[PDB]
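Just one chain is shown here, as structure tokens, and it is the form deposited in one PDB entry.
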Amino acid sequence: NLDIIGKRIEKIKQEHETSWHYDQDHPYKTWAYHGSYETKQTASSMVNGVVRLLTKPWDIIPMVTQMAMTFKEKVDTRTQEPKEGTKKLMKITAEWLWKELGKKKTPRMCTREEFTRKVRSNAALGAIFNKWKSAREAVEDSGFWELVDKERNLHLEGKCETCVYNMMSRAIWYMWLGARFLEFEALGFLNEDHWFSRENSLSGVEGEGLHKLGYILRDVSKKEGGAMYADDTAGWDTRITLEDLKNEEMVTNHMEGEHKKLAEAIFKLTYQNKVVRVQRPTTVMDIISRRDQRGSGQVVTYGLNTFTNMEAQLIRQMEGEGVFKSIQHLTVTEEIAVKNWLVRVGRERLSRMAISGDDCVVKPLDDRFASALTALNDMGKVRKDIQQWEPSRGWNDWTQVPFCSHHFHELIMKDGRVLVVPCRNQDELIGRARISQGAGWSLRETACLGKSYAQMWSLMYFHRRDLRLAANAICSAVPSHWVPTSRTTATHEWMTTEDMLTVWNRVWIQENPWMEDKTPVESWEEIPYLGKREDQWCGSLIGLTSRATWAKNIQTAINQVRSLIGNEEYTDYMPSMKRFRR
């Protein structure tokens, strides 16, 4: 307790010595509260006018239009300590999993050099605004790095002064850039060196890309076994126990020298003890602490979520296979049985899963998995939208399984070759592309964001009639040489000024390991769509009068946007489609 967080608390007290008060009407039950101080401040979602002017039929679809308008009583909950048999299952499985992940990888510190290059190319590293304006400025200034140095030497001493979270079914914990650097230095290797790649972790999909995920789910479906299970956890980050954080910290067992101590201090001082500042309107700033739950950078959060989810799902598989009888207590011989299962079939059982942070798909050996709930519930990974002891509903067809907010279609090209394509309700895709984040967008920057969405659609969603047409319209309405942009940057092959047919051929044919025949496609007309009825099921407006008028008059919409942007060099991409081609 206060010996580890006090210094951090003491430091904040003094910067607001005029305003410090132990408010008695504090709303916190499960967070330790410390004090309050005076502040006064808050970033709503703005509409992309280029995408909206080119998707007029959706102006009257509430599922699209409502997306642009606008639980902290789940963060203030507590997770019971697992039973002794559960804690043993988790510790044995975590020990074994870090060894497997480490067999072909070497833990290493990430560098000021690597950190500097990340900030100078815009990655959402979740920092705050003070002394320097942006992160770009702090990184060039040697004063900053002396702050980092002081904190760094404080960590080697097992102490912390400035690593404090700022809060804002989502919760984002911004720290100052210095704290983020020290996190990245000690634990960035997990992401930077691809510890959760499918090649390295067997269950993971890190670096895989939305054009690979459907092929991966179809490869899992080829295994002998039961239904495919895709249970979502209710508020995964809030159900991370202190026992989970201690099994995650065992990655330090594989480190040496400085790195080992630096990583040990991140886990001890920032993860297993947290200090947070929350805006309360009653407007003050509350300074609260707690030991458990997930609160890290979103990239470290992704890798440790993937790790702990792999662990939890292997234990649920052990339960269904009868490896252990009860979570109350493992016998001496049940421990050897669990260890022996991992050594004997552990890698096979990892290959039966696709895991992306808190998101999983599992094809177990058989359907006993469905009712194997004791370890899963006792680890605190309680399933969403089903009763605690009700058996899981599995999927019989890999094309029906939800994963990473998508489902996947099998689509046969006129030449017989097989595409496995990503898909989701088309209202969600159009409604997201109509939204921008942040202020001070020029018309050119708004246009370049519209172009990024359009090129993603051409590469990922070419099989949806409305999106291939709207993508062609946007690429025709934006100057040909203007470079696609984003403010928060999966592999993003659509972020390029290369010809989109050339990118399509590289991604779906040349570099696709599931495609044996490498014959390039010569035009967009060789590239198929879903069946007309399947396109409607997944939200297409084909068949509506609004959509027919929009498609027929599309050059008028394109010309409206060209007239707003002005006298620039444009290309007509509409004749790439069979029915605008004379």
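Counting begins at 1, following the sequence as shown. In this text, rigid core is short for the largest set of C-alphas that superpose within 1.5 Å between two forms.
In at least one third of the other compared structures of this protein with flanking residues present, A43 is left unmodelled.
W145 is built in all of the other entries compared, counting only those with both neighbours built, so it is not a gap in a third. Per the record, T282 and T283 are separated by 1 to 3 deposited residues that are missing from the model.
The stretch of deposited sequence separating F129 from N130 contains 1 to 3 residues lacking coordinates in this entry. When 232-240 is weighed against 305-313, 232-240 comes out higher, by mean CA B-factor as recorded in the entry. Once the C-alpha B-factors are averaged per stretch, 52-60 and 514-522 rank with 514-522 first. When the C-alpha B-factors of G158, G416, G357, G431 are read from the PDB record, the largest value belongs to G158. Ranking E493, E199, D286, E208 by Cα temperature factor from the entry places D286 first.
When the modelled residues of the chain are ordered by their C-alpha B factor, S19 lands in the highest third.
For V299, the recorded CA temperature factor ranks within the middle third of the chain's modelled residues. Per the PDB record, residue ranking by Cα B-factor puts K363 in the lowest third of the chain.
In this PDB entry, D499 carries a Cα temperature factor that places it within the middle third of its chain's modelled residues. The PDB entry assigns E73 a C-alpha temperature factor belonging to the highest third of its chain's modelled residues.
This next part talks about the form deposited in another entry, which is not shown.
When both forms sit on the same rigid core, the CA shifts between this form and the one not shown reach 2 angstroms or more only at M500 out of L262, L177, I92, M500.
Taking 2 Å as the criterion, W524 counts as shifted between this form and the one not shown: its C-alpha moves by at least this amount when the rigid core is aligned.
Core-superposed comparison between this form and the one not shown: the C-alpha position of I9 differs by less than 2 Å.
In a rigid-core overlay of the protein, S476 has its C-alpha displaced by at least 2 Å between this form and the one not shown. Relative to this form, the distance between the C-alpha atoms of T496 and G207 is increased by at least 3 angstroms in that other deposited form. The pair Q298 and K159 is at least 3 angstroms closer at the CA level in that other deposited form than in the present model.
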